[PDB]
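Chemist:
There are 2 protein chains.
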Amino acid sequence: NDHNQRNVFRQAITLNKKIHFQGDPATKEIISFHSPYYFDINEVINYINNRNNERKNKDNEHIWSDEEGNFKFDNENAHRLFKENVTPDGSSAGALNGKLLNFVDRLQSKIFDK
Amino acid sequence: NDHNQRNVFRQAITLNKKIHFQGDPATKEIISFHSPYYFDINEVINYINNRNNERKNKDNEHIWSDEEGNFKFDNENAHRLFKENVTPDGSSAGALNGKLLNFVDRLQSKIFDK
DNA sequence: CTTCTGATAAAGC
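Respectively, the protein sequence lines represent chains E and H.
Per this note's numbering: the first sequence = residues 46 to 159.
Per this note's numbering: the second sequence = residues 46 to 159.
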């Protein structure tokens, strides 16, 4: 039954592997969800908890804001959601607004399993 | 299909095991769900009943109010839900709000079974 | 107009 919980999990991990990748950009594009490269799990939880708090604008795109300024949520700007200190500016709730609150709690209460 | 119910059950027991622990803090942090430590079964129901009535604000964080004062549901303050006197306050219904009613009712049947 | 609530539905199993 999990669809919206599924792709946001795989998109967060796949994008975070390209952020922390320190090699040539030719093999950065071939990085996938199954590739064995380092990603921060705490930024992955922060990204999903951010997309939990999405707010789109009348033009139907999600507009965020961080300490450098307001930015559209797009492919080259999706790495900025890995930080906790982002506040959304929007007229209406986003596509996944309040839909991953159950998903983040299950994610956090599994990482801190000893 | 009970991942939300299984998560809050493991989360309530593991946290209640930590709170009732009276030993050294080094042992406290490695306390897990299987660890044979004392936990109040009635306090676990109170936390699950409270999280059944949780209310969140616009920032998608569950805000609570008790005798000590207003607080936000997080790992530092989630122990305050083991009391039944704490009341929710929020703009909208929480993640587990209304979704644990049968889960509590099934649990109290096992406890009150003679 | 947006938000929230509630109801209907579909799920997989």
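For every residue, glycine included, the Cβ atom is placed at its ideal position computed from N, Cα and C.
1) Where do the ends of the alpha helix (DSSP H) carrying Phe148 of chain H lie?
2) With a Cβ-Cβ cutoff of 8 Å, do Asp111 of chain H and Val89 of chain H count as a contact?
3) Using a threshold of 8 Å, state whether the C-beta atoms of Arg96 of chain H and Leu146 of chain H are closer than that.
4) Cutting at 8 Å between CB atoms, please list the residues of its own chain near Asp134 of chain H, excluding the five before and the five after it.
5) If you measure from the beta carbon of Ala140 of chain H to each beta carbon in chain E, is any gap under 8 Å?
6) Ordered along the chain, which non-local residues of its own chain (more than five positions away) have a Cβ less than 6 Å from that of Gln50 of chain H?
7) Take the Cβ of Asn94 of chain E as the centre, count every other Cβ of all protein chains shown within 10 Å, and call the residue buried at 16 or more, exposed below.
8) In terms of residues, what are the limits of the beta strand (DSSP E) holding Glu106 of chain E?
9) Determine the chain E residues that contact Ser77 of chain H at a beta-carbon separation under 8 Å, and present them in chain order.
10) Nearest to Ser154 of chain E by alpha carbon, out of H:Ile156, H:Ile86, H:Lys155, H:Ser77?
11) Do you know whose CA, among H:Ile64, H:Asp85, H:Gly139, lies nearest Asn105 of chain H's CA?
Modeler: Checking against the coordinates, here is how it stands:
1) 146 to 156
2) Their beta carbons are not under 8 Å apart, which means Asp111 of chain H does not touch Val89 of chain H by this criterion.
3) no
4) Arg100, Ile108, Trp109, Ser110, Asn115
5) yes
6) Closer than 6 Å at the Cβ level, and outside the excluded window around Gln50 of chain H, lie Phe148.
7) buried
8) 106 to 111
9) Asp158, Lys159
10) H:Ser77
11) H:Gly139
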